[PDB]
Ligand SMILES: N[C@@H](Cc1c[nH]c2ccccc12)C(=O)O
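Heads up, the chain below is alone and in the form deposited without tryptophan (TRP); it's given as structure tokens.
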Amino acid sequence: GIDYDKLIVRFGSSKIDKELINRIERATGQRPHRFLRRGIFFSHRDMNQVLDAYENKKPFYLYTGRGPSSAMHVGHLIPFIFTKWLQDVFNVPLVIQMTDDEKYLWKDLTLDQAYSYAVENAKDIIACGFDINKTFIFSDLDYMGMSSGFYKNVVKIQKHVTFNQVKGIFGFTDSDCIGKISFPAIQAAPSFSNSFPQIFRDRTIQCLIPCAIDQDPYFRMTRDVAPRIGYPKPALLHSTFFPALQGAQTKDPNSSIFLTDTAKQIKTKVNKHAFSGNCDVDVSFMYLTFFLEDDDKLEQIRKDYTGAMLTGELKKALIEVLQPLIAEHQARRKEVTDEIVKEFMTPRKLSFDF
């Protein structure tokens, strides 16, 4: 139905970016061997844009968002796994925003629930393996009251964005609460460095937002307001993978695969559901391509197996990567103490190494 033989060939078609691998090798004495399939997880020129700055010693930090929902599922972990990888490759500061206030505003939660879901989620985020010395994780509700810059930038962004603009970007009506309407300024503020006195304490510092789609409402607004307050707009890591992943996972969710699920619960959920505008882009296939580290394993399945029979090893392949991935994650998350969470959420100076 969805035609996976095409999707495996289309994945194979684009060769690995050896010239970029070399350019990474020069800037940092490192052999990257993942996410280098050409154009997929990032665009060749946007990486060259980053590499320029890293080679020219222009400081930049990574920024990534989060929505604290009561558990995580595998798709939500993907952005962070990639972001860690970037972070290791360039040894760059990372700011992670827990939009707990956002979840309270949009959803049926107590403040305290939304705050508790952020703190708990941070354990899953921390369990992806982020370096503490390059990583600040913060909750909007807590950080707003312990920052001499963050609210000031929120107020600046708020002055230079109208209802009309957010109405046209986010589709807010007049029935919507005033929290929702002014929130986009909160999501935009981390893209500017002086929002964090304790973390950066410095004059300009760019921002880089990986896993980021060009038609994202929050990204579009931040872009638009940035020059109006004389700040540099955040750099965006354009990719085919991420826009398609959002464009796939839009399709109803009841037994989506959770990070709490047992090895059996994984195996059940995959067989009963997985592998069965329209590019014909199955979410289960994109999970395989992201999680597979064996480069030649998809084309190995393709050549051997012939649909119906093909799906069999396609389901079996996803189990073999998801089973150890969730199990290890449970192991790691169990040793992320509340103390370690507070350590990560403590404001403190991050440095630019090269």
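Sequential numbering from 1, following the sequence displayed.
There is also a form solved in complex with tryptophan (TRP); it is not shown, and the following applies to it.
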State yes only if every one of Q113, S116 and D142 has a non-hydrogen atom within 4.5 Å of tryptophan (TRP) in the deposited complex; otherwise state no. no
Among the candidate stretches 146 to 154, 278 to 286, 97 to 105, 226 to 234, which one is within 4.5 Å of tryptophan (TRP) in the deposited complex when only heavy atoms are counted? 97 to 105
Using the partner position in the deposited complex, report whether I126 sits within 4.5 Å of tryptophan (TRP), counting heavy atoms only. no
Partner contact for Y63 in the deposited complex: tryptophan (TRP), 4.5 angstroms, heavy atom: yes
Can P210 be called a contact residue for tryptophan (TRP) in the deposited complex at 4.5 Å between heavy atoms? yes
Is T135 near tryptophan (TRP)? Define near as a heavy atom within 4.5 Å, in the deposited complex. no
Name the single residue among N254, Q215, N164, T173 that comes within 4.5 Å of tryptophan (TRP) in the deposited complex, judging by heavy atoms. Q215
Looking at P32, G67, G307, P59, which is the one with a non-hydrogen atom within 4.5 Å of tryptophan (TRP) in the deposited complex? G67
Contacts from 172 to 192 to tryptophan (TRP) in the deposited complex (any heavy atom within 4.5 Å), listed N to C, are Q187
